[PDB]
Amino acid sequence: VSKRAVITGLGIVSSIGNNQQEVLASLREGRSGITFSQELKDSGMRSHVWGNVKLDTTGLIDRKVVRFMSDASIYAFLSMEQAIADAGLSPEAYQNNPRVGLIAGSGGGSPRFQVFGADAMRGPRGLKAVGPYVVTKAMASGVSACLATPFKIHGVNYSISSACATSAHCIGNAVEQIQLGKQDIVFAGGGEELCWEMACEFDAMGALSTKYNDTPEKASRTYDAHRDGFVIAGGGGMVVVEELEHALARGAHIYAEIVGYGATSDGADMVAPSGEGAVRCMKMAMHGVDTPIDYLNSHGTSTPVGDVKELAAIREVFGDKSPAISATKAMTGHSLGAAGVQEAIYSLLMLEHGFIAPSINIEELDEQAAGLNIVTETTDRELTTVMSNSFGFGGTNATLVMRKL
């Protein structure tokens, strides 16, 4: 048969909460996670705001496994611990099991330890100050390598990278493993660190918000007429993707079923999206889905260009049946490699608890956004099918459609 896939557990460490309960409270109240950053100012950048993880990680993970971990792997490790416990998976149910895998990736490893390794080499110590741990912290598959070992994953294990669509492709790839009958359980997610080494190059391109440094909570302002760039952010996320019959037999709590997954490419411009690729990506995820879309978690970066190209794609897909739209990035910032799994978790919390989080910081709706139902205040509503878009540098697109059973 076709084999169906469901979500049986989730875990999140973002700028608006260290778990799904704290995230649920922030989503309802529309509380921002953007704060002032002294590190971004001392390094010489123009943007002084970020969506930081308000949590110290010193000592939370065992020494034998944290010695190889950068911040991206740490946030994803703490997220998977939550997802394992939320799914009720005992150790003998997911450890040393060939039918259990992991697909988690980051945007680009850890530039912090990349720069640290070169500084120690050229120094007076030489190789004596480099250390034998920079390789696992700086590589691209560090999130998957540092997590599959302590959790004793025996199935599939690799990392996916695709700019800001990163963790979205990981979830879609997990659904494919379940559909192909290769796996019964796949942990899917990702993480991202937050440092000046990685954020400074975004500022050199002129894509970060530099006009709202004195009021950080107003910097991320998606769909507003006075936007000037996205706010850098970090964190992690993890979802438990399970085969349907495997989850029903063990009495698991099922959040939703992933009934659609789109993944296309623009193949036009390197920095500016075209729109045609996003339509095919969305239309691909809706094919075979009979129920309409109730809520749409847009990619919404809060950039002067990429914000309108997604609205034109949404308009062509639905036309007059415009679903409720809101961009949660206005609260949390842009977590890059972890944006796909974090926004899918926000959408699952909306579907689970029957509400729509608002797209905050909208003082004057942009003219090219009129006619759409952009929700600006928290609304209680029985949602059935939700959708989340994730676009990435290079024209790559990803879309997930989730529905209750």
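The first residue of the sequence shown is number 1, and the count goes up from there. Superpose the two forms; the largest set of C-alphas matching within 1.5 Å is the rigid core.
Farther from the shown form on average, by C-alpha root mean square after a core fit in 9 other deposited structures of this protein, is 267 to 275, of the stretches 237 to 245 and 267 to 275. Of the two segments 121 to 129 and 249 to 257, the one whose CA positions lie farther from the displayed form in 9 other deposited structures of this protein, once all are superposed on the rigid core, is 121 to 129. With 338 to 346 and 55 to 63 compared on mean CA B-factor from the PDB entry, the stretch scoring higher is 55 to 63. Of the two segments examined, 219 to 227 and 97 to 105, it is 219 to 227 that shows the higher average Cα temperature factor in the deposited entry.
Highest CA B-factor among the listed residues (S274, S144, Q183, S79): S274. Which of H169, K321, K283, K329 has the largest Cα B-factor in the deposited entry comes down to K321.
Sort the modelled residues of the chain by CA B factor and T303 lands in the highest third.
Among the modelled residues of its chain, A174 has a C-alpha B-factor that falls in the lowest third according to the deposited record. Among the modelled residues of its chain, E242 has a C-alpha B-factor that falls in the lowest third, as given in the PDB entry. Per the deposited record, the Cα B-factor of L405 falls in the middle third when ranked against the other modelled residues of its chain. Sort the chain's modelled residues by C-alpha temperature factor and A370 lands in the highest third, per the entry.
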